[PDB]
Each structure stands twice: as C-alpha cells, then as structure tokens.
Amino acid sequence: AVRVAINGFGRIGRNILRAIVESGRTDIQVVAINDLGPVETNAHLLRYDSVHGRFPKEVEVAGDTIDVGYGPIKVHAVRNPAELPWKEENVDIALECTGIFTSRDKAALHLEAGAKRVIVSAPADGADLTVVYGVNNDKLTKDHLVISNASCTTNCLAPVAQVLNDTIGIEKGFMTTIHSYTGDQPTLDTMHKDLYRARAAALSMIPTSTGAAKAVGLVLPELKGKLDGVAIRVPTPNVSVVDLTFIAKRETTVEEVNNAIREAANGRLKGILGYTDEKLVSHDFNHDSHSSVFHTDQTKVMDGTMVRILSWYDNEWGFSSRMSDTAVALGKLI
C-alpha cells in the first residue's frame, strides 16, 4: 500500500479519501492530511456533504488524529508545504490539492519536505508528465518526480478523443464544456482577477477559459494542435459535460460512433470510460466514478464527416478516483 498525504482537504481532497473508503481498495493508504483549520472542522466537513451526502462510516477524532476505519490519520495545519513533516511520517506520495501550488516548482516543495513523489490535482506548469489515467498512464517512468493528474475536463475528453480517433479519425475539433460552478467563484458579484469569474455563480451562464482541448493534444500526441475549446459555467453544484464537434477523416454514422465507444467501454477502458443508452440528465451522474460517460442518444452526424458528441463527468467523484489510480501506479515505480 502506497503512503499518501493529502494537501488541501477540499472538494477534491475530501473526496479522494471518501472514494478510497467507499471502494475497499487496499492498494493505497492515506497517512496524513493538511489544511488550514481545526482538526474538528475538517472532520465535520468530511461527515456532512451537500453534494454527496453523509459519510458512510463513523469519523473519529483524537487530538490531532482522524480515524475513518483503518487507523488514525495525522492532521495538520501548515501554510508552507515545505515545512510539512513528510519525512517523519514517511510519505510516499504528496497529493497536492490546494489550488495554489500548481506550478512544478511549487508542487516540488513536497519533495523538499520529505515526500518521494508529488501529484498535482490540476494542470501543472512544468510538469514532468501530465496524466489521464487509462489513456497514457503507461508513459510514467522512474524519471518523473512531479507530475499532473490533468483537469477534470481533460480526463473526460481524452478517452473519447482517443477511441474515436483510433476508429474513424479526427481532422479538427472544437469543444465547449458546460461545467458546474466551483469554489473559485463567488456567491455574489465581487472583486476577482478574472472578470467572468467575478460574477454571481448560481445566477448566470458564465463563459470561461480552459486549456483542456490543447492539453489533450499532449496526452495524445497524435492529436497535437487539432482541438481547441472553452467552457461555460452554469448554476449546478456538481457534474459537467463535454460537447465536442469535430471533422472525421472518413465518412461515418451515428451507429459506428456509438459502437466504438461501447466496445472501448466494455473492454480496454472499463471503469474509466462508460456510456449510457438512456435519456439521462446531469444529476443522474452524481457520484459516478467514471472519468467520462458517453451519452449515446446525443450523437449527431451531419453529412458524413461532421460529428457531435456529448460526454458527462462527475468533476468531483471521477477525478478524485483517478487521483488514487494514478498514485498507486506512480508508487509502483518508486
């Protein structure tokens, strides 16, 4: 079992722990947690969840300790990641989930503190490698010390872009992800570095940026420079969607698009790529641990070569699950 610490006990941080517990997985153990508050507040935030419900197991608090079923977890409050006791606690991997230490050189402070590897829960400027689990995690080597788990959007688009490109070919494509609001937006209109993201989150559709599409051109090099995209933030607390229109290299059909996703889903990317043949809506994919769930009924083909698809993602649950798969795979190279 690889030893991990969670830095930033937030939406991703807490859910990383929750997914581990809810699965019984034994390949990974969380040994410490760090945020900026009382141990008790961390425990209470874990216990009660406005999106996913109540925590399924008792949550025990002992001094500086948290226990969720398998022994106490050392809990901290250290602003500077380089001051953490990673050596003394023998941390194989630091999972960096604050939002503020995403460049390689900052994420690396965990290495200074004593962790052997670092995984940033987001795009990472200067990452030794950027990973979409199930797609390119076999590129990890003994070389990479500080890597990125990509963004929730990249983890949803890449598996779909990969299969379809392998099947039918992608000449050129444009993505708009319609995303649930997120903690880096305000409840009401207020001073912000980004004028779109300044705006009341549950009140509008809000145009926003995202490197997800170009980023896929890097986790799948064969799609270098062929995809571009943006986002629209809307009034939902959790769950998002990818709406991608692209040109196929050869003429195709709705059926062939659908079928190719099904075979991939039931075979090589099982658990990572999924699909529904039903008429579902966003909330239906709440608490689904797939990176991507392809909406069969939404496939469109215009004039042989123009293709539209829709794929869902639980931006919290799916991604937090991958943070674990990625860590277990990274620990094995140590």
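Don't overthink the numbering: it's just position in the shown sequence, from 1.
- If you average the C-alpha B-factors over 196 to 204 and over 122 to 130, the higher value belongs to 122 to 130.
- In this entry, the higher average B-factor at the C-alpha atoms falls on 14 to 22, of the pair 309 to 317 and 14 to 22.
- Per the PDB entry, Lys270 shows the highest C-alpha temperature factor of the residues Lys279, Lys270, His52, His44.
- Reading the B-factor column for the CA atoms of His295, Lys57, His283, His290 in the entry, the top value corresponds to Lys57.
- Ranked within its chain, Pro186 lands in the lowest third, by CA B factor from the PDB record.
- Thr153 sits in the lowest third of its chain by CA B factor, as recorded in the PDB entry.
- Among the modelled residues of its chain, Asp228 has a C-alpha B-factor that falls in the middle third according to the deposited record.
- Among the modelled residues of the chain, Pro81 sits in the highest third by CA temperature factor in this PDB entry.
- In this PDB entry, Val242 carries a Cα temperature factor that places it within the lowest third of its chain's modelled residues.
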